[PDB]
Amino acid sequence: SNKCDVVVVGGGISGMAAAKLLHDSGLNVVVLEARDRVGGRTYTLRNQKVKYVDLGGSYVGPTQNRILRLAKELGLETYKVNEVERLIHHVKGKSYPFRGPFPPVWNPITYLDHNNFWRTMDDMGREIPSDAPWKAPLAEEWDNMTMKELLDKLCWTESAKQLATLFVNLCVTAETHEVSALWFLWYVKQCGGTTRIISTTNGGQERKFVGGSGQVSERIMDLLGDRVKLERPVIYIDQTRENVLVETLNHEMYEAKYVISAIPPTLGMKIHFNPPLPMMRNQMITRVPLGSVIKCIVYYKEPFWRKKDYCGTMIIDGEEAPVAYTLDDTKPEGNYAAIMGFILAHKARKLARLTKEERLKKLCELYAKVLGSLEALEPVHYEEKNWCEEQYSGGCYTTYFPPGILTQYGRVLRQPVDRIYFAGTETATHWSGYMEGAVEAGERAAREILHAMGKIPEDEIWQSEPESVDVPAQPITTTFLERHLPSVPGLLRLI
């Protein structure tokens, strides 16, 4: 058996960040990676037609200081996602160009209803602790409802309900009826709220890495050399003896003092445990699916939308559109012109039966309609990735909680099992579900082990992160009117 201090299961950003921290402290680490590559839910493809493209996780923004610091140390640089020109909201077959992060509403009733919906999401989130959403005062009430039920209660207009629905689908790649209200409200709150999570400028979609996000995992693998073992899916963890034994599918045996599980919670099911896991974890890892998404990038000779004062951001309502949201994927030099679109949730399941060429045609015809340009019909290249088909991801972007699961099982996610500690973006308390959360969780799980070894004190397990000098955060502001305008039922009670 191959002996070390710590076995990290998974070479995504979380496992790699944990292995780097432990290695830098002088421990002997092995990373066991199921795939022939590192990066997990990040994947940068290179070819002459795209140069590079992020087919998985890509965007970083202000307040994501851990991923910005790790990336910067590895020698990576960011560029700004194009948002110079106007965004488009496509509603009932027509494009309404706009500026600022929220699509505007002109009907006064619809205005009140939209304003109330976003405000209520943040008002609710203020009562949900980031590190313990199950301790929200109304935790059971909110956990025993879907986001569909909450939206049915909150939204007096079909206008607000359809945009709120698009918001849920885009944020967590799942249907409003699939997900706990408590979990979704926590999810928004722990990215800093609605403005911060939906914003390009001054939010989660502000920036991409020059050369792709896959370089974070690749360059940590560079540092660690042959400590990273590719095509070693873990099948068996034995904790009955003095050292932990980890076995891979290719029959190799690893022996360590501790283990970091840096895999999506439900992919814990692929591992046979001795002794069996405690009951709550045993059932938890069956209750925590990942969402459904195809990430699709259509390439054009030029960023032609910019000539019409469109930035390439499209918010597209309605069942018929295959893609509900797009960003300009053009490289900083203005070349490799491209539109990134997501095929989300039930549409990812529905449209996966088509050919690649059939999806390209549907996307080009949608983009031609929304951008009002025949140039959208003349793509020069297409890349896509269906994350639903990934045995060692389970989906993307992240794990969602169905109704009732977070209050019953949420406590178990980070709870150590003997000498196994739990990393993965799912265990983060800030930008859980993102590359930032992957870094937070890996580093925390690594410091839990340093503390178990007596190397650091308890108060050093969770560590704050200084603000990026390169990507500083501006405050989220609200207007007097946004804060005090009544809801629709509010305006009724006042009549």
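When you see a residue number, it is the position in the sequence shown, counting from 1.
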| property | result |
| --- | --- |
| 418-426 versus 245-253 - which carries the larger mean C-alpha B factor in the record | 245-253 |
| Between the two ranges 28-36 and 463-471, the one averaging a larger CA B factor in the entry | 463-471 |
| Residue with highest C-alpha B-factor in the PDB entry, from 389, 383, 206, 178 | 389 |
| Among 219, 272, 353, 306 - the residue whose C-alpha B-factor is largest in the record | 353 |
| B-factor third for the C-alpha atom of residue 451 within its chain | highest |
| For residue 335, the third of its chain into which the C-alpha B factor falls | highest |
| Third of chain Cα B-factors occupied by residue 110 | highest |
| Residue 18, C-alpha B-factor rank within chain (lowest, middle or highest third) | middle |
| Third assignment of residue 195 from its chain's C-alpha B-factors | middle |
